Amino acid sequence: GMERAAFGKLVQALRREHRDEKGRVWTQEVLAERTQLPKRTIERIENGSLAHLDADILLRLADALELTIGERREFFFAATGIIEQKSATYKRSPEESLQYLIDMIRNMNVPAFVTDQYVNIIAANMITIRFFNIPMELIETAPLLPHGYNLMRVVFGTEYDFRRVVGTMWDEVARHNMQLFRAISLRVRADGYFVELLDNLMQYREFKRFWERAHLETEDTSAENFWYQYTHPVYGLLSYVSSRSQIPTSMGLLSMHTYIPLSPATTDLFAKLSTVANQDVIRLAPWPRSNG
Ligand SMILES: CCCCCCCCCCCCCC(=O)O
Ligand SMILES: [Cl-]
């Protein structure tokens, strides 16, 4: 769950991601109109001065804001989730939590990487780098861009041609990654850094295209594994499943992404890539991003 003021700032950020029929940013009046609610109610929700948020209001807001199935789930929980009297306790500190995920992906002989609350890539083992054949210059120049290490920059960016790698599977893979991005980021949409991140991602024509279409999907894949099956332009026929595990920290969530091989040729490819040089993890986006 969330405090009323934080939830209010979330509604404001979600509203401001929209443009009406005349291309204007949605005002409180427009959100009021689309939800058939009084402007004062939208005003009180956004200021966090409304103690109780009933189901009709929340459903009207989720419907008007055209949230994805994954976003609806996160949005409703941010509004109705019971906050405990005692603050959450964690076995490991944020630093020990990331180090624990790094120590684990270092020991895997399959591609594995870590993302945070903005879906920025925090760390990756060298098997991931070798598998995706990421130019080392693109890693070197990622600190110079606000969206430089974002998973959406890899999938939808112009510098690395991910569409070429997955080929005919592009629509499916881009749809799934858009669903993941939108459901994971839902809780941090009012963050100044997220607003900046979204504006940079919106400069990519293909990101915008999949973003505006995302709510039309009737099937949710954001909380599920994706089974990749395609002819890779250089590795040939591959078959593998990507899994995402989440861990909570006092500085926001951490996600671990792993790719399990599902064919002898994919098994052999991952085994060859784990052999090359040795087991190592490359540090990418700094974490926590704003450590305080
Ligand atoms: C350019 C900065 C990031 C450098 C390395 C990132 C490695 C992560 C690869 C991400 C591709 C995953 C997308 C997918 O499987 O659908
Ligand atoms: Cl390649």
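Atoms within each ligand, like the ligands themselves, are counted from 1 in listed order. Throughout, residue positions are numbered sequentially from 1 according to the sequence presented.
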With heavy atoms under 4.0 Å as the rule, classify the contact between [X] and ligand 1 as side chain, backbone, both or neither.
X: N177; value: side chain
X: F162; value: side chain
X: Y259; value: side chain

Contact atoms of ligand 1, heavy-atom distance to [X] under 4.0 Å:
X: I121; value: 6 (C), 8 (C)
X: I129; value: 5 (C)
X: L151; value: 10 (C), 12 (C)

Legend entry - Ring-ring centroid check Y228 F226, cutoff 6.0 Å: yes
Legend entry - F132/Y160 aromatic ring centres below 6.0 Å: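 No - the distance between ring centres of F132 and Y160 does not fall below the 6.0 Å cut-off.
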Legend entry - Within 6.0 Å of CG in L53, more than 12 heavy atoms from elsewhere: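 Yes.
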Legend entry - Atom CD of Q99: over 12 foreign heavy atoms under 6.0 Å: yes
Legend entry - Salt bridge present between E74 and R187 (N-O < 4.0 angstrom):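 Salt bridge: no.
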Inset, instruction - Mark the output for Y228 as yes if a heavy-atom distance to ligand 1 is under 4.0 Å, and as no if none is. - result: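 Yes, that is the case, since the closest heavy atom of the residue is under 4.0 Å from the ligand.
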Inset, instruction - Fit a plane to each ring of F7 and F75, take the angle between them on a 0 to 90° scale, and name the class: parallel (under 30°), tilted (30 to 60°) or perpendicular (over 60°). - result: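 Aromatic pair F7/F75 classed tilted.
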Inset, instruction - Mind listing the closest non-hydrogen atom pair of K9 and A190 along with its distance? - result: O-CB, 3.3 Å
Legend entry - From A174, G148, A124, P135 - option closest to atom 1 (C) of ligand 1 by heavy atom: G148
Legend entry - Selection from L145, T115, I139 by shortest heavy-atom distance to atom 4 (C) of ligand 1: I139
